[PDB]
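Below are the chains, spelled out letter by letter.
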Amino acid sequence: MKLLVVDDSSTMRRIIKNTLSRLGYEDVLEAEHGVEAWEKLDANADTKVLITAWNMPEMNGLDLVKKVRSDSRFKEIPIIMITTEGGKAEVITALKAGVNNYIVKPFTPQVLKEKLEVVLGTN
Ligand SMILES: [Mg+2]
């Protein structure tokens, strides 16, 4: 169960990684921007779950998600967006692009655990 977590906020990366860890998910690769996230996906196609923010330089997560969905080896990859984009327009925009679960920032560590548990259960 190989996860890639993409967020330009290093403390958010920390929280998601620790929370994944507490749910029994240890094989987490990180990225800061959509470009590095795409290169990582592209070079490590055995990745199982993409977790991405939206707002970031060097390609936003929306364009990251569309680029992932268009790729022939990532059509069924589960995509979780974790974003401050709480507006429904953005939720709609993102499900349209291929986002499968949407978690809205901000959250307590314990709220993130409950919410990731809903999507991923434990491993
Ligand atoms: Mg936040």
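Per the PDB record, the structure was determined using X-ray crystallography to 2.20 Å resolution.

Per the secondary structure count, the chain includes five helices and five strands. The N-to-C order of helical and strand elements in the chain reads β-α-β-α-β-α-β-α-β-α. Taking 14 Å as the expected radius of gyration for a compact globule of 123 residues, we find that the chain reaches 13 Å, a close match to that expectation. Considered along the principal axes of its C-alpha atoms, the chain spans approximately 35 × 30 × 25 Å. In the chain, which comprises 123 residues, the share counted as buried stands at 46%. Residue pairs at least 24 apart in sequence account for 65% of intrachain contacts in the chain once pairs closer than 6 positions are excluded. In the chain, which carries 17 positive and 18 negative side-chain charges, the distance between the mean positions of the two groups comes to 4 Å.

Along the chain, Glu30 turns up in strand 2 (residues 28–31). The exposure class of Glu30 is partly exposed, given its relative accessible area of 25%. Considered as a pair, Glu30 and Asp7 are 23 residues apart in the sequence and their alpha carbons are 7.9 Å apart. A distance of 3.1 Å separates polar atoms of two side chains, one belonging to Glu30 and the other to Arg13.

Here the focus is the UniProt feature "domain: Response regulatory" in the chain. Look at the UniProt record and you will see "domain: Response regulatory" annotated at residues 2–120. Helix makes up 46% of residues 2–120 and strand 18%, whereas the separation of the span's terminal C-alpha atoms amounts to 12 Å.

Another aspect to go through is the environment of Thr84. Assignment of secondary structure puts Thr84 in the loop between strand 4 (79–83) and helix 4 (88–97). Residue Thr84 is classed as exposed on the basis of its relative accessible area of 52%. C-alpha of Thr84 to C-alpha of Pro106: the two residues are 22 residues apart in sequence and 6.6 Å apart in space. Not counting the four nearest positions on each side in its chain, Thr84 is found in contact with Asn55 and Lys105.

Our focus in this paragraph is the sheet that holds strand 2. Reading across the sheet, the five strands line up as 2-1-3-4-5 and stay open at both edges, with parallel pairing between neighbours. The two strands at the open ends of the sheet, each matched to only one other strand, are strand 2 and strand 5 (101–104). Here the average twist between neighbouring strands, direction ignored, is 15°. As judged from the four bridges shared by strand 1 (residues 3–6) and strand 3 (residues 49–52), these two strands associate in the parallel manner.

Our next topic: the packing of aromatic side chains. By the definition in use, this model includes one aromatic pair. Geometrically, the ring pair formed by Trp38 and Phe74 is edge-to-face, given 5.9 Å between the ring centres and 85° between the ring planes. Taken as a pair, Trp38 in helix 2 (residues 34–43) and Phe74 in the loop between helix 3 (61–70) and strand 4 lie far apart in primary sequence, 36 residues in all. The buried category is assigned to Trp38, whose relative accessible area is 16%. Just above the ring of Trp38 sits the side chain of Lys67; from NZ or CZ to the centre is 4.1 Å.

What counts, and at which threshold
Residues numbered from 1 in each chain as written, not as in the entry; some residues may be left out. Heavy atoms only, no water. Helix = DSSP H or I, 4+ residues; strand = E, 2+ residues; numbered from the N terminus. Rg over C-alpha atoms; globule rule 2.2 N^0.38 Å. Buried < 20%, exposed > 50% of the residue type's maximum accessible area, 1.4 Å probe, protein only. Contact = heavy atoms within 4.5 Å. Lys, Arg positive; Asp, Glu negative; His and termini not counted. Charge placed at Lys NZ, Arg CZ, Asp CG, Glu CD. Polar contact = N/O pair within 3.5 Å; in protein donor to acceptor, adjacent residues only side chain to side chain. UniProt positions renumbered as here; feature names shortened; annotations may be inferred. Pairing = 2+ DSSP bridges. Axes fitted to C-alpha atoms, helices over the stretch in contact; angles between N-to-C directions. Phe/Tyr/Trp six-rings, centres within 6.5 Å; stacked < 30°, edge-to-face > 60°. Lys NZ or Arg CZ within 6 Å of the ring centre and 35° of its normal.

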